[PDB]
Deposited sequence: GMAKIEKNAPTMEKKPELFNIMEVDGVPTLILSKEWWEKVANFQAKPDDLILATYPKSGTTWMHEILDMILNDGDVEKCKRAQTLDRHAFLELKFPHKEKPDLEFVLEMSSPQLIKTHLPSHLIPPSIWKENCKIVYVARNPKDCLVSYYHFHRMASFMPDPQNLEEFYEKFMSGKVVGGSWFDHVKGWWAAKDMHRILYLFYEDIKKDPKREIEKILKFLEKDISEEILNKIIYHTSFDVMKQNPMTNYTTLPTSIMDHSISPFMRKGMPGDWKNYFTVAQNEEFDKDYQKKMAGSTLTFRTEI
């Protein structure tokens, strides 16, 4: 894969803000390549050319829950069975895409050597103006207040949810059935609290602490 110096790359672990951020980057730019690869598997061409990369990470509890429901509604994805069973496989990194942990850490470290803007799903929810302003400084692109507010409006969850071009409702019920769980489900940090039992959560915090020791921190609420 021969990369071009101007190509802009969107990199996420699944269920972390791909669709959302693709839309932000889409509008700002008016070549955008997206990938779910872990840093160690990016083609070397992309580093040598010094492509700008936007990475989006999401707190792993919401990511896990989002990934569960998505499994429920996608035909091409394995049966998740239970949130309990799913948790075990998510924490093990025995899910499509592999380990969230390795993903987010590897990209976190990669930003010491490489032109990467590393953003947080939760920071984008809390203050899209602030996050989108970093993107603009990163792309050395300059945009009117009028258009910046337009982007914030256009890429808000409520608006994207009604947008056929982005909500994945232009796919047959038999590949994604939205009656089970919409692809645009809740879009809310802290939603995981409605699904983790207190005991599931204490178990998580004990595995997470071990598996992270990463100056990477997350918000699990806003």
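Which ranges of the deposited chain go unmodelled, in order along the sequence? Residues lacking C-alpha coordinates: 1 to 42, 73 to 112, 296.
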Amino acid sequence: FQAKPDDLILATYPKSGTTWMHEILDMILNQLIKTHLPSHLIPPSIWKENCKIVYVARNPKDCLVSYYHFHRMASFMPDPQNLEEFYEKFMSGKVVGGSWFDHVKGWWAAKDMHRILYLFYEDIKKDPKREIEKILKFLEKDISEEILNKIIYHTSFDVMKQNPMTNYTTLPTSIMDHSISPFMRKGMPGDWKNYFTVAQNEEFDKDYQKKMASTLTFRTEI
From here on, numbers count along this sequence of modelled residues.
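Sorting the chain's CA B-factors, does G187 end up in the lowest, middle or highest third? Its C-alpha B-factor belongs to the middle third of this chain's values.
Going by what the PDB entry lists, where does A213 fall on CA B-factor within its chain: lowest, middle or highest third? Tercile = highest for this residue's CA B-factor.
By the record's CA B-factor, is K34 among the lowest, middle or highest third of residues in the chain? According to the entry, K34 has a C-alpha B-factor in the chain's highest third.
Consider only the C-alpha atoms of the modelled residues in this chain, order them by B-factor as the entry records it, and name the third containing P60: lowest, middle or highest. Lowest third.
Where does the C-alpha B-factor of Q162 rank in its chain, lowest, middle or highest third? For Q162, the deposited C-alpha B-factor lands in the middle third.
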